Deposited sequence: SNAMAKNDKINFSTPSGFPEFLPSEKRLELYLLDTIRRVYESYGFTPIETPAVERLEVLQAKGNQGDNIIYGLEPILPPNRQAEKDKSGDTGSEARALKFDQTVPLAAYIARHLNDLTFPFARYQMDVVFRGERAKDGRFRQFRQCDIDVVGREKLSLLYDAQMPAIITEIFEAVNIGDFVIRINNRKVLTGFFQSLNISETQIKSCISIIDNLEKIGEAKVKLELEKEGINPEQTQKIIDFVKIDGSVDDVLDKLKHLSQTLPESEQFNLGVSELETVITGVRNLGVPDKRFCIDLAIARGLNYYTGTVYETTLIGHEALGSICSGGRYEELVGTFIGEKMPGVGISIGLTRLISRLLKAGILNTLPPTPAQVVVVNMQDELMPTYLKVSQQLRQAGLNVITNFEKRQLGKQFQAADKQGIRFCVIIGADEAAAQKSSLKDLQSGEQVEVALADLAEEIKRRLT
């Protein structure tokens, strides 16, 4: 049974090239904002992965086949461990990206996460929170999947509002999150509705902010600062040129102590958040043995790809990176084919030399089935005249080109 173990997915070449292209894209934006790569081991000391209630997740222990060890289930704990090991060698605030696969037991058992986090030592400017929506907008605009809104909220607001009613404290942590799945609950009084009208608040960013500042006088220390930090970040997001159609305040969103983001595809709301995160005070620093402010966002890429492909939002790529095939027209000309392929490669092009002996029709068929755009036909006459015939398999165009010009001709047809 050569099958993949259940829950461990695997891309066909088309789909993996798509993932690589998205990964390249995300990496470009991450690095634009100064985020540095780290890759932590797949395997961690069990004591690290559980330390102070870290493991509801079934995790995977490792036994040798001829000291306790398990596979990471997220990237957040590894971040904490990482900073601990390299504390004196890092720059702060530490701005990192991580694109490792992680492992959970049950619907994917193995999936890739694309996280960025900035961690500071005693404090962390809010402008790190303002950068995140700028980061999210650039990624998903480049990725070309339709329009999206980044829903912003501050944990201090919703909770600062909660205290006004004076809910019991063992009961409040119980009825703080069961209000999320309102997607007028009577099984909430045993865990009145004044809070519903608040998470219902629907308006433009400046207006919602104004109703918040207006509500301030009515009630609220926490509420007040949450609204304040909600403004500083929003002004930041504007100063960084993020257009107003790309974000909104959504007070119903829900470790996090401040800024919180969720990202929704417009008209594809049922796929949930395609990018999430926010601000924490103690989620990293477990092993530092102290308090560390951070802001981070995460893209479950494996998850995102399967959902986006299945909904026809995302198009796969050709199964090959090759843009050009040098076809085999005659055996005696193989040295020429080898040479020309290397010339095209030198000019930056991705090339395949056909090695088999088959007629031109099948070489054409094979190159098009694989999504390769150009065929470079050189038979006896072409080679003697130091020329080639260029076939565009997509347009159907066919044109004669000097070998000296071939590489620049193909390139301007791609550009």
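Taking the first deposited residue as 1, the stretches without any C-alpha atom are 1-10, 66, 78-93, 134-138, 216-221, 230-235, 264-265, 301-304.
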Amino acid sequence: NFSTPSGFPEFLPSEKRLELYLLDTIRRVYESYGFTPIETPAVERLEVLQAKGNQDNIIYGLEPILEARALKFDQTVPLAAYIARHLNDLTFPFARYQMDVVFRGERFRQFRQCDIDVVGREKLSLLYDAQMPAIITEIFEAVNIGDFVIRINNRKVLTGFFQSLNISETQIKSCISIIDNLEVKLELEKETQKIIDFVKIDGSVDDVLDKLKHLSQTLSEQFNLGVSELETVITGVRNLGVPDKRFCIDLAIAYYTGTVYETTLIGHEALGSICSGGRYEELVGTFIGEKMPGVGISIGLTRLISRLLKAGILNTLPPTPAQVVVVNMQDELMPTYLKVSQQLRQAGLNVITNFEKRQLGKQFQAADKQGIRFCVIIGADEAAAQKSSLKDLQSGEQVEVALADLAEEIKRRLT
From here on, numbers count along this sequence of modelled residues.
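Two stretches are in play, 29-37 and 360-368, and the higher mean C-alpha B-factor belongs to 29-37. Averaged over their C-alpha atoms, the temperature factors of 96-104 and 341-349 are higher for 96-104. The PDB entry gives the largest Cα B-factor of the residues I145, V118, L188, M132 to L188. Sorting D74, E262, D244, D180 by the CA temperature factor given in the entry leaves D180 at the top. Sorting the modelled residues of the chain by their CA temperature factor places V43 in the middle third. Ranked by C-alpha B-factor against the other modelled residues of its chain, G285 falls in the highest third. In the PDB entry, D202 places in the highest third of its chain by CA B-factor. Ranked by C-alpha B-factor against the other modelled residues of its chain, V233 falls in the middle third. When the CA B factors of the chain's modelled residues are split into thirds, the value for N328 lands in the lowest one.
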